[PDB]
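Undergrad: I'd like to ask you about the structure that follows.
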């Protein structure tokens, strides 16, 4: 037993990570087959004019301006194109380690594994959830842009995030693998702020279900409530509304634990009104909302079926 | 910026994982060159009286009895022997994916990355700290035994832990790669309890530094204290006593923060008594003690040396 934030194994992703340098600017690229994808602001430099326009600056760059290295080997750029906020760098060598993959746009509330990288070299791995305000609470320094996030589904690496920038609040923003930002953000030197965030109600219920599976059940009561009355409570604590779709996604954890979803909502309603009473749940003094129902099941299993 | 529990990329380790099956028991193995390392209780059968004779089961078993799988490929065991609580299965093929590696005995307070496995097949990765009572707080199900914990140092993998079992309190126990258990535990079906766990004082300090580097400062104070003076307020509070060895270790964090360790100790003493008064530090409502100083440094940029 035991429950912990757990990243997907990063081996498949590590073999696609490369360093991209244009001028004195370096960041990370993702090498699949004969293409390297990377944030377009690799072409930005110090001596650029204020609030540059990427159209104009890329026009100055030739193939020979982009220096891509996969370890101690130079990949030769043979073509470049810009697709929204990412650069597609056609190279003359196919990555022999390209996994089965898909490009995916995750929804808010969902999690993914982040392979933070520097200078083309993977550095560490951890879980993030896409916040309802379309930011993630990551750990990224300068040189980490191009790091990707991803999930594994059977044999297929689903890439869902490429990191670009940090916001003044200290939270992070990036694109899908087509260069489309999550949230109202731009890879520009313009003032931006994350909007107000909300708590991912469905995730907190999954976490409480995980808590029960692991024997942490002090917060259960005989009580139950309705979907309407729970949501009237949730709204007042900045929790996002709970939909029947959410209730159904919690099915397997309710089947597994024997605790009906609306039973769980009553315990949660109670922790929201009266607090955690100095108690910790799974070693946390706060309510965790970055564990999806899938992430719990992934870690406990369904033992009804023998 | 930002601060997160971060596992090492697990790629170099995933290529070492294999599946070991003796009779009806299946757990994971570690395939380094031409040796597979695994827990000895893979040979245990519940049909045993219980108190096992591991040595004579080695005589009882032949090489045929051990089924080693790298994916769907079988490795013929050509030798088998016991070293403390670990099996060393000699196979006919040397692991072509063997990395540069050491075998190390971690010290209580140090951290490592656990690659959680079932059936030779990686499931996920997360950080653990070896607790002062020689347990770890992981997420391990039945069949997770044989999973390893490791640290990457350049391109050399330091294997420091192999998981064997779970204690009735929900924490986990294991050996180094030489089969020697961390702590007074044995791999038998007998009543065992972990001693009293204590907070790793040096690590809470390192964490408080990570917050200051990252922006969380409210806890700081112009107040000061001394070493024995701080260790008074702490020993009664179940904390590891702080030593001059720990002070020095935090040197670089103080150097970057310009905050003296004793000054940090003072505001930490203040944090023990008062409590956090509904306030968080780096997204946490309790003091985190599983970030070592070096773990912090790896997630910070250091203005000093330019």
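FYI, residue positions are counted from 1 along the chain as it appears here.
Per the header: X-ray crystallography, 2.2 Å.
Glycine too: its Cβ is placed from the backbone N, Cα and C atoms.
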Undergrad: Where Swiss-Prot marks ubiquitin cross-link, which residue is it, choosing among A:12, A:90, A:236?
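TA: Cross-referencing A:12, A:90, A:236 with Swiss-Prot, ubiquitin cross-link lands on A:90.
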Undergrad: Taking chain B as the partner, extract the recorded positions from A:5, A:41, A:90 whose Cβ is under 8 Å from a partner Cβ; order them by sequence and answer 'none' if none remain.
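TA: Contact set vs B: A:5.
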Undergrad: If you run through the expression tag (A:301-306) with DSSP, how many residues end up as helix, strand and coil?
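TA: Output for the expression tag (A:301-306) reads 0 helix, 0 strand, 6 coil.
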Undergrad: At the Cα level, what's the spacing in Å between residue A:5 (ubiquitin cross-link) and residue A:41 (active site, for 3CL-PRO activity), rounded?
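TA: With the alpha carbons as reference points, the distance is 31 Å.
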Undergrad: For the recorded positions A:5, A:41, A:90, which one has the sparsest Cβ surroundings, going by other Cβ atoms within 10 Å?
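TA: Comparing Cβ neighbour counts within 10 Å for the recorded positions A:5, A:41, A:90 gives A:90.
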Undergrad: Determine, from DSSP, whether residue A:5 (ubiquitin cross-link) sits in helix, strand or coil.
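TA: It is coil.
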Undergrad: Where residue A:41 (active site, for 3CL-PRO activity) and residue A:90 (ubiquitin cross-link) are concerned, what is their Cα separation in Å, rounded?
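TA: Taking the Cα atoms only, residue A:41 (active site, for 3CL-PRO activity) lies 17 Å from residue A:90 (ubiquitin cross-link).
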